[PDB]
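Visitor: Chains B, D and C are the protein sequences, given in the same order.
Heads up, the first sequence is in the deposited numbering, so the first residue is 2 and it goes up one at a time.
Heads up, the second sequence is in the deposited numbering, so the first residue is 344 and it goes up one at a time.
Heads up, the third sequence is in the deposited numbering, so the first residue is 344 and it goes up one at a time.
Virtual Cβ for every residue (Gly too), placed ideally from N, Cα, C.
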Amino acid sequence: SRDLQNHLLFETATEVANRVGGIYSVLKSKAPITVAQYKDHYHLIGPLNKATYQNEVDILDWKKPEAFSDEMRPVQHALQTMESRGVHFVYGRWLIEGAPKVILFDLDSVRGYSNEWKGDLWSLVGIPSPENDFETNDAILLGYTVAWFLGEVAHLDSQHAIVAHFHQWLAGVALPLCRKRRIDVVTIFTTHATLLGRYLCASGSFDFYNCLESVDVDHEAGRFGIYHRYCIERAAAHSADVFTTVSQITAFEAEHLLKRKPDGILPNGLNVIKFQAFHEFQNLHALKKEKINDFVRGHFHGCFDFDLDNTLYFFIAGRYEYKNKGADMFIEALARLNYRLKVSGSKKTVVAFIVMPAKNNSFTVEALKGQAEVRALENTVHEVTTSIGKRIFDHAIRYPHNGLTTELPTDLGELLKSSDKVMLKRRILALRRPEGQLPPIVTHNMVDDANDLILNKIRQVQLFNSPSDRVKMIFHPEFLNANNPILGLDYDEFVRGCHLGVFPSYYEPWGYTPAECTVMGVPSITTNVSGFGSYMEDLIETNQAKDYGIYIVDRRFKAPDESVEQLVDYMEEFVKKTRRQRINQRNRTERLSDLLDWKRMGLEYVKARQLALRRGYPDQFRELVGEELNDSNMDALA
Amino acid sequence: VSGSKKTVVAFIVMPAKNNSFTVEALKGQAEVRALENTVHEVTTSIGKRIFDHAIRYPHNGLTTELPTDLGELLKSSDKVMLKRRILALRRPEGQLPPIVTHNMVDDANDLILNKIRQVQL
Amino acid sequence: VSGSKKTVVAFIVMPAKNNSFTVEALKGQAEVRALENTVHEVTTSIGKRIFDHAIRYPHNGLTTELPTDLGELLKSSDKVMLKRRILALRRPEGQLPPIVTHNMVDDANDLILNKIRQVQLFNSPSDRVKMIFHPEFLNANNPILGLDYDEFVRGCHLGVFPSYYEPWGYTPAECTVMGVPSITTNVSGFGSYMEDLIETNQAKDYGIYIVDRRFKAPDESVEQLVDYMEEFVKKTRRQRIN
Ligand SMILES: O=c1ccn([C@@H]2O[C@H](COP(=O)(O)OP(=O)(O)O)[C@@H](O)[C@H]2O)c(=O)[nH]1
Ligand SMILES: O=P(O)(O)OC[C@H]1O[C@H](O)[C@H](O)[C@@H](O)[C@@H]1O
Ligand SMILES: OC[C@H]1O[C@H](O)[C@H](O)[C@@H](O)[C@@H]1O
Numbered sequence: 002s003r004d005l006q007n008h009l010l011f012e013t014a015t016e017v018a019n020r021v022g023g024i025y026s027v028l029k030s031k032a033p034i035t036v037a038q039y040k041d042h043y044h045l046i047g048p049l050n051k052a053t054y055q056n057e058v059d060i061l062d063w064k065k066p067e068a069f070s071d072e073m074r075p076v077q078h079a080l081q082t083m084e085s086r087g088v089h090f091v092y093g094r095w096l097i098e099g100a101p102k103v104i105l106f107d108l109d110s111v112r113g114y115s116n117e118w119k120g121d122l123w124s125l126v127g128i129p130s131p132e133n134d135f136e137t138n139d140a141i142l143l144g145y146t147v148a149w150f151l152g153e154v155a156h157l158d159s160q161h162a163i164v165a166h167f168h169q170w171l172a173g174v175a176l177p178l179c180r181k182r183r184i185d186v187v188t189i190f191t192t193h194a195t196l197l198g199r200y201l202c203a204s205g206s207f208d209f210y211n212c213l214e215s216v217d218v219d220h221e222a223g224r225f226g227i228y229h230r231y232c233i234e235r236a237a238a239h240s241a242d243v244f245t246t247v248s249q250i251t252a253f254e255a256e257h258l259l260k261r262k263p264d265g266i267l268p269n270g271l272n273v274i275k276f277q278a279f280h281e282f283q284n285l286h287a288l289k290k291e292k293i294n295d296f297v298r299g300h301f302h303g304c305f306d307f308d309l310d311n312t313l314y315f316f317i318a319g320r321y322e323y324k325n326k327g328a329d330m331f332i333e334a335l336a337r338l339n340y341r342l343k344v345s346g347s348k349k350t351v352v353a354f355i356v357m358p359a360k361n362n363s364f365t366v367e368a369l370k371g372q373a374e375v376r377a378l379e380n381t382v383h384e385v386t387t388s389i390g391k392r393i394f395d396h397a398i399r400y401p402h403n404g405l406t407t408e409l410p411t412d413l414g415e416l417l418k419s420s421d422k423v424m425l426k427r428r429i430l431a432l433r434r435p436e437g438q439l440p441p442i443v444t445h446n447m448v449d450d451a452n453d454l455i456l457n458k459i460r461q462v463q464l465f466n467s468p469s470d471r472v473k474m475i476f477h478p479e480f481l482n483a484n485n486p487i488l489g490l491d492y493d494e495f496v497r498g499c500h501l502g503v504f505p506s507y508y509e510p511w512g513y514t515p516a517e518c519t520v521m522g523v524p525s526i527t528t529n530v531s532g533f534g535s536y537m538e539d540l541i542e543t544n545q546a547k548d549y550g551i552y553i554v555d556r557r558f559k560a561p562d563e564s565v566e567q568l569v570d571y572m573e574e575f576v577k578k579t580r581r582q583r584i585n586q587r588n589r590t591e592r593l594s595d596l597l598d599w600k601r602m603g604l605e606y607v608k609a610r611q612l613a614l615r616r617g618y619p620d621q622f623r624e625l626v627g628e629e630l631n632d633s634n635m636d637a638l639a
Numbered sequence: 344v345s346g347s348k349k350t351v352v353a354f355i356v357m358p359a360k361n362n363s364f365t366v367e368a369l370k371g372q373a374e375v376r377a378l379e380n381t382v383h384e385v386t387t388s389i390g391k392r393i394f395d396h397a398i399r400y401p402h403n404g405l406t407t408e409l410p411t412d413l414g415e416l417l418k419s420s421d422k423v424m425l426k427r428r429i430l431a432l433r434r435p436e437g438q439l440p441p442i443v444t445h446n447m448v449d450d451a452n453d454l455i456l457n458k459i460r461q462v463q464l
Numbered sequence: 344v345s346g347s348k349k350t351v352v353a354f355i356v357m358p359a360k361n362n363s364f365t366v367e368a369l370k371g372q373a374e375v376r377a378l379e380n381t382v383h384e385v386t387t388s389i390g391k392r393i394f395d396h397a398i399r400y401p402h403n404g405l406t407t408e409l410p411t412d413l414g415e416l417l418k419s420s421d422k423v424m425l426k427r428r429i430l431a432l433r434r435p436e437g438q439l440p441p442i443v444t445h446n447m448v449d450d451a452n453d454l455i456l457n458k459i460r461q462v463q464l465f466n467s468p469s470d471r472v473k474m475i476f477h478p479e480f481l482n483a484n485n486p487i488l489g490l491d492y493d494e495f496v497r498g499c500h501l502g503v504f505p506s507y508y509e510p511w512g513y514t515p516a517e518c519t520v521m522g523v524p525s526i527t528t529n530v531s532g533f534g535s536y537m538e539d540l541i542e543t544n545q546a547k548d549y550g551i552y553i554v555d556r557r558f559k560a561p562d563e564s565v566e567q568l569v570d571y572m573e574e575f576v577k578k579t580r581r582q583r584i585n
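#1: Of all Cβ atoms in chain C, is any one closer than 8 Å to the Cβ of D:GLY346?
#2: Measure how close the beta-carbons of D:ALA359 and D:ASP453 come, nearest whole angstrom, since I'm counting them as under 8 Å.
#3: Helix, strand or coil: which one does DSSP assign to D:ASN362?
#4: Please confirm whether residue 674 of chain B and B:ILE189 have their CB atoms less than 8 Å apart.
#5: Interface residues of chain D around C:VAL382 at Cβ under 8 Å?
#6: Below 8 Å, how does it come out for the stretch 191–203 of chain B and the stretch 218–234 of chain B: are there three or more Cβ pairs, yes or no?
#7: Which same chain residues, not among the five before or five after B:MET635, have their C-beta less than 7 Å away from its C-beta?
#8: Would you report the Cα separation of B:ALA237 and B:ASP185, rounded to the nearest angstrom?
#9: For C:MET521, which residues from the same chain have a beta carbon less than 6 Å from its beta carbon, with the 5 sequence-adjacent residues on both sides left out?
#10: Pick from B:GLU16, B:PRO410, B:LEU464, B:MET73: whose alpha carbon is nearest that of residue 1 of chain B?
#11: Among residues of its own chain, excluding the 5 on either side of B:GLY603, which ones have a beta-carbon nearer than 6 Å to its beta-carbon?
#12: Would you report the Cα separation of B:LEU178 and B:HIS229, rounded to the nearest angstrom?
#13: When burial is assigned at 16 or more other CB atoms within 10 Å of the CB, is B:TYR92 buried or exposed?
#14: Check whether the Cβ atoms of B:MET330 and B:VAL565 sit closer than 8 Å, and answer yes or no.
#15: Measure the CB-CB distance between residue 599 of chain C and D:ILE429 and report whether it falls below 8 Å.
#16: Between the beta-carbon of D:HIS383 and the beta-carbon of C:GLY390, is there less than 8 Å?
#17: Within 10 Å of its beta-carbon, does B:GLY205 have 16 or more other beta-carbons around it, so buried, or fewer, so exposed?
#18: By the criterion of Cβ-Cβ separation under 7 Å, what are the contact partners of B:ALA278 in chain C?
#19: Are at least three pairs of beta-carbons, each pair with one atom in the stretch 526–540 of chain C and one in the stretch 550–569 of chain C, less than 8 Å apart?
#20: Can you list the alpha helix (DSSP H) stretches of 4 or more residues lying completely in the stretch 369–440 of chain B, in chain order?
#21: Between the Cα of B:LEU464 and the Cα atoms of B:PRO441, B:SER70, B:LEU432, B:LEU9, which residue gives the shortest distance?
#22: For B:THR13, which beta-bridge partners are listed by DSSP?
#23: Output the distance between the C-alpha atoms of B:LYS473 and B:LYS349, rounded to the nearest integer angstrom.
#24: DSSP three-state label for B:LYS102, please.
#25: Checking contacts by CB at 8 Å: is B:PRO435 closer than that to chain D?
#26: Give every residue of the same chain whose Cβ lies closer than 6 Å to the Cβ of B:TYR231, excluding the five residues on either side of it in the sequence, and list them in chain order.
#27: Interface residues of chain D around B:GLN372 at Cβ under 8 Å?
#28: Can you have a look at B:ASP470 and say buried or exposed, based on whether 16 or more other CB atoms are within 10 angstroms of its CB?
#29: Which term fits B:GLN169, buried or exposed, when burial requires 16 or more other beta carbons within 10 angstroms of its beta carbon?
#30: May I ask you to list the residues that DSSP assigns as paired with B:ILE60?
#31: Note down the Cα distance separating D:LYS458 from D:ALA451, rounded to an integer number of angstroms.
#32: Skipping 5 residues on each side, what residues in its chain have a beta carbon closer than 8 Å to that of C:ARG399?
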């Protein structure tokens, strides 16, 4: 007789205590909505990071009677039973919006059981475990600790149904354990990628999306030295009451590589902070864009022959994954767009930015002299307009006396003196660049310039930023930061200033980059093999979606060359827009950002847990609803 | 030896073969420039708040003519960006302000740098 | 009565015979302007001091990134001049912000001024509605309020034009075009025209408040008018923006 309505939720992940990847940001942004639903029935569980946990967690005395409510007692008693057997942990408040409750286990305090637990797991599930793989060691240590902790809560809490939700294989070991030991909790597993997915796509030669149905998983996992890891992912997918992925595209991948068709998808939400005035973001775009204009003026000093009032900023940003993030298509397409723009005789310019970290030796001398010379021009101009102001003023205050017959000066000579001209001329000379020197394709000195994938592609297609190129190309091999001496914007600030994000992903389980972009109200190009793109694709009819600034390139059903051409089409369609059209588009794409808020995507998590309880206690569940609903899906339940 | 609190900055301006300014030289000037602008933004805010106090006193609970407490004027948001600017100015442990502003074509053979190294300034 | 914390400053812009702005009005602006410049001086000094601290950290005993004490930044010299400017703004005990910006020709028999006196809105602290009569049309050269009429309207929140005779009324129509909500009556050309295009409930949301001066006794009308104003004051910024 367990309460399905008043239930507990434990959410388990490697990244709870600490930031490794994006998952840390998912559980962080997801917290406010979760705590709103559960309050003190919710606990996140992860391994303790001894180095950092004190910056992020608010340590709490869990022994205190007041630390838990009457109905939460079992959790306290469960921790005491863990403490009883020498298992050290930290219970506290994760210092983030929502302030969820945390249980972090000290894996050193349980490392003793390593030999036995490894032996056990091998016997139960068939999972081998090489000693030099520190991560699966920790994955295992965690798994037995969590199933242990869960088993004990199940013992002492007769009131609530318990939901246990695990993220990624590194947090999946408890799953086969809960199944086999038949612990009275319902379980959910979310995968945010698949191990074989990443690896089969690493080299860039393999035709992933048309061939994965015919891969021998065991053979491949052995080929990559990944067999043990893969076993953990598979056992977690098979053991869980509910199996989920972050996206339809990974769900496809998952069915074939983990041999189980997901029960649904849990797409990543963001915690969107609205402005008091809807148009505020529109003002921010203009401020931020002026900062970029500034950067551009300096970068093109001595070669500035285009109109910024008619210049669009494209960007790609993210980790340096040349094939997987589609940097190759981005550059390829830009080169073809350059051609189309010249043939049509348009006066517009695209300045294309690539923001991807590469080994480098900091900014070039050129980058910094240029900024400084432009600054020096600004300051001189300012001195001069003070002078001009003094002369305009005298004239205006003097009229019509002492010969002044016109109210205003009519001769520039009256306002602009020769000493003024000399210093302006000197500043202009400072900006001149030597004959034949084009603005660089890069802001940094690179460690391995000759072998760099991105730079080689730019050089191969020959986008050298010459006067007649309508598409300019700037590689910035480092993450943006308002401390950057040449382009002093934080990443988010930069995105707001740009016009179009271009993210032609080939392997991308989610798509934080275009989502985040969408949230800043900036249109973007994605692909249908990106999680975000595939999500969007299901939500809006593909022609409609261009109007909300989502452009989706088909990389799944189209030859690579046909994909590049579609990308050029989109970019070209965008450049043809007028300012009015751009503005109104950004408005539409700003309204779309609602659909990426947790207030909406959190409903999916609700669907998943509702499915888990439905599956685990079907008798009691029907008894709540009124009749028997379908349980072969998350969707077929609601 | 005499415990003087004075400092002498000695400049040598003599043309020698070089490859123009160092990255270090240009980066330092840029970072200092960035601190200046941030300080200017903040003092605008500070002005807004001094001015409000001045025009409001003695109403709405104001008991002193001027602010007495910094927190009235300097907000979390302001403190964050100045801290960040200060971090940009920080140099790696044990790194010293250079004895030269340019990259030299032949730094080891240059007579001036040889002397400065020899006397260990 | 409702204990609201909002404040309405109401302006009346209507030409009446006058001898130009009072001395008080001009001194007022000049005094405020002089405070502004002294505040700008002080913050430049503050700037030098914040900057020095920031560039020196953590040398010479500067153990924290920022100054923590106001006295590292605000010097006594600064304090003296700020106080002198604060004293210049001090008005003698009991004296209240004026209800008028000009010296009137016939102050005693002016209709606007007499009504304000009769209803006793004298701009006292406890009054939540403040009143400023400005008996001249607006012009950007006006030394006191350097705005052109169109600009002033843009700056405002609500135009209120409860005409009883108004063949049209550009006054409320101009508000509309400039995105400022307005109150007119159903006996104005403009009001009945809008009445015809939008159903009265919807009309309030599109910033068109229409007071019924045709089928209600004048006192009922005045009340409807107060309802509108109160309902408006109840709005949040977000609501006003929308
Ligand atoms: O200059 C930058 C560029 C990117 N990012 C962030 O780094 C992440 C990079 O995403 P990644 O490529 O690792 O994953 P994906 O974008 O494919 O989801 C994004 O969420 C950005 O917010 C950043 O912080 N600074
Ligand atoms: O950068 P664009 O697409 O040309 O848009 C530029 C526009 O951005 C925002 O809407 C600003 O508020 C406008 O004042 C500006 O005209
Ligand atoms: O038509 C312009 C104007 O004509 C008259 O001056 C009316 O009094 C006024 O209400 C109308 O707007």
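Guide: Based on what the coordinates show:
#1: Locating residue 346 of chain D in the second sequence gives position 3, counting from the first residue. Closer than 8 Å: no.
#2: One-based indexing of the second sequence puts residue 359 of chain D at position 16. One-based indexing of the second sequence puts residue 453 of chain D at position 110. Right, their Cβ atoms sit about 6 Å apart.
#3: Here the question's residue 362 of chain D lines up with position 19 in the second sequence. D:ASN362 falls in the strand class under three-state DSSP.
#4: Any property of residue 674 of chain B remains undetermined from this structure, which presents chain B solely from 2 to 639.
#5: As a position in the third sequence, residue 382 of chain C is number 39, starting the count at 1. Those are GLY390, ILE393, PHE394, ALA397, listed as they occur along chain D.
#6: Cβ pair count under 8 Å is three or more, so yes.
#7: Taking the first sequence and counting its residues from 1, one reaches residue 635 of chain B at position 634. These residues qualify, in order along the chain: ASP264, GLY265, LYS608, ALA609, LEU612.
#8: Locating residue 237 of chain B in the first sequence gives position 236, counting from the first residue. Locating residue 185 of chain B in the first sequence gives position 184, counting from the first residue. Per the coordinates, the alpha-carbon of B:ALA237 lies some 17 Å from the alpha-carbon of B:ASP185.
#9: Counting from 1 along the third sequence, the entry for residue 521 of chain C is found at position 178. If you ignore the 5 residues before and after C:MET521, its C-beta comes within less than 6 Å of the C-beta of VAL496, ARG497, all in its own chain and listed in chain order.
#10: Nothing can be reported for residue 1 of chain B: it is not among the residues displayed for chain B, which extend from 2 to 639.
#11: Counting from one through the first sequence, the residue named residue 603 of chain B turns up at place 602. Here the set comprises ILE34.
#12: Here the question's residue 178 of chain B lines up with position 177 in the first sequence. Here the question's residue 229 of chain B lines up with position 228 in the first sequence. Approximately 16 Å between the Cα atoms of the pair.
#13: In the first sequence, counting from the first residue as 1, residue 92 of chain B sits at position 91. B:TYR92 is buried by the Cβ-count criterion.
#14: Sequence index remark: in the first sequence, residue 330 of chain B carries index 329 (1-based). Sequence index remark: in the first sequence, residue 565 of chain B carries index 564 (1-based). Yes, the pair counts as a contact, with Cβ atoms nearer than the cut-off.
#15: In this structure chain C extends from 344 to 585, so residue 599 of chain C is not present and cannot be described.
#16: Mapped onto the second sequence, residue 383 of chain D falls at position 40. Mapped onto the third sequence, residue 390 of chain C falls at position 47. Less than 8 Å divides the Cβ of D:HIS383 from the Cβ of C:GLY390.
#17: Residue mapping note: residue 205 of chain B aligns to position 204 of the first sequence, counting from 1. Classification of B:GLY205: exposed, given that the 10 Å Cβ count is below 16.
#18: Start at 1 with the first residue of the first sequence, and residue 278 of chain B comes out as number 277. By Cβ distance, chain C contributes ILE584.
#19: yes
#20: 413–416, 419–432
#21: Your numbering for residue 464 of chain B matches position 463 in the first sequence. Considering only alpha carbons, the answer is B:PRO441.
#22: Along the first sequence, read from residue 1 onward, the residue named residue 13 of chain B stands at position 12. In the DSSP output, where bridge partners are listed per residue, B:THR13 has B:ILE46, B:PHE167.
#23: To locate residue 473 of chain B, count along the first sequence from 1; it is residue 472. To locate residue 349 of chain B, count along the first sequence from 1; it is residue 348. Using only the alpha carbons, I get a separation of about 11 Å.
#24: Numbered from 1 along the first sequence, position 101 holds the residue referred to as residue 102 of chain B. DSSP places B:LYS102 in strand when its eight states are reduced to three.
#25: Counting from 1 along the first sequence, the entry for residue 435 of chain B is found at position 434. Chain D, which has no Cβ nearer than 8 Å to the Cβ of B:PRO435, makes this no.
#26: Along the first sequence, read from residue 1 onward, the residue named residue 231 of chain B stands at position 230. Here the set comprises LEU196, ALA222.
#27: To locate residue 372 of chain B, count along the first sequence from 1; it is residue 371. Chain D residues near B:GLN372: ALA373.
#28: Residue numbering aside, residue 470 of chain B sits at position 469 when the first sequence is read from its first letter. Per the 10 Å Cβ criterion, buried.
#29: As a first step, residue 169 of chain B must be located in the first sequence, where it is residue number 168. Buried, since its Cβ has 16 or more Cβ neighbours within 10 Å.
#30: Position 59 of the first sequence, counted from the start, is the residue given in the question as residue 60 of chain B. B:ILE60 pairs with B:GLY93.
#31: Within the second sequence, the letter at position 115 stands for residue 458 of chain D. Within the second sequence, the letter at position 108 stands for residue 451 of chain D. Cα to Cα, the separation comes out at about 11 Å.
#32: Indexing the third sequence from 1 puts residue 399 of chain C at position 56. If we look at C:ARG399 and ignore the five residues flanking it on each side, its Cβ neighbours are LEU405.
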